[PDB]
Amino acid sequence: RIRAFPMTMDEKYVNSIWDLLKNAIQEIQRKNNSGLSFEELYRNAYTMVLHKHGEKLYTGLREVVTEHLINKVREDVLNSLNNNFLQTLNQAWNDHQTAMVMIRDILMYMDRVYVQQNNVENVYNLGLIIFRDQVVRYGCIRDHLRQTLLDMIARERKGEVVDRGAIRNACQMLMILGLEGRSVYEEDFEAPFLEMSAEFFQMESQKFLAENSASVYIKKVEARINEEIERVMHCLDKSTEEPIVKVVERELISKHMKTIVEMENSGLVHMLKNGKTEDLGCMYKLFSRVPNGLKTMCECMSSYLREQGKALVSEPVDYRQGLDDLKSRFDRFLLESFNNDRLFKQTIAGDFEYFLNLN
């Protein structure tokens, strides 16, 4: 029949088991994992959890990891602030990940029995929280990592050559420390990155509008969108593509919509007058990215087309041909440049229905 042999574990025996595991964890942190028997270390951690001493093992594990990352790892990163900071931080990050894998393996029974039962973070996630809080988001390190990464992106945009791999490793690290989330990456990197980028693009638009034509400006916005996407694919996290493109669109297009379209001797009306089909198509494609973009183009076109139409209905067969030549011209613009857009077609029709009813 069904048998059971539960035994009481002596307090002095629990301490000797923990002392053996504490030493093993410390030896793994020192990268001296060779010569350690997995089965005997697993069994010791198993015996502790099995005899309901999982809390002592969990509290102890949290203590040993914290002691190591504050007294050894934090100091190594703090001593490297002005001498290979990213190289030392990533080395500390790779050393932590390697150590935590072996530590979670030895305490595997605790990870499947104790952490599940007592609604606490698993060995690997606890290790990430301790690394995140005591190293990456400590203060001097957090501010310097933010200063380093942003200074590199600011330098790269100015023409300097930077280690893109070092940025990718730092961003990958900030993402993982988010614990299957982007909270750490968003707060520490993305938020100040979008702030300093918006300031850069605002000043970029100011220079380009002051010396380049509307056509050249539109080409330079497309070039900046592509440069910022290529930067996300090689340095940052894939989830930063939409927020950075939106900032490029806000600072280079949205905030200068009426300025670009009404640019004296280069804008929409100038393109309409000289029949610059390709340039209008490029304007349509760029302004269709932002809200009220095509509306601004339509309002600018409507004002001019109505002014031309009112001048045509005021000034026998030549008068009828004038309205037909104006219709054929804008029908070409609608198909060849405005991709036969419903809004542009309604505007062209609406303007024609206004001045043809006037006279």
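Residue indices: 1-based, along the sequence shown.
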Legend entry - Size class of the missing deposited segment between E315 and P316: 4 to 9
Legend entry - Given 160-168 and 125-133, the range whose Cα B-factors average higher in the PDB entry: 160-168
Inset, instruction - Compare the mean C-alpha B-factor of 327-335 with that of 42-50 as given in the PDB entry, and name the stretch with the higher value. - result: 327-335
Inset, instruction - By the entry's C-alpha temperature factors, tell me which of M233, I253, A191, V184 sits highest. - result: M233
Inset, instruction - Place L36 in the lowest, middle or highest third of its chain's C-alpha B-factors, as listed in the PDB entry. - result: highest
Legend entry - Lowest, middle or highest third - CA B-factor, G60: lowest
Legend entry - Ranked against its chain, the third holding the CA B-factor of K310: highest
Inset, instruction - Pull the Cα B-factor of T347 out of the PDB entry and bin it into the chain's lowest, middle or highest third. - result: highest
Legend entry - Entry-reported Cα temperature factor of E211, expressed as the chain third it lands in: highest
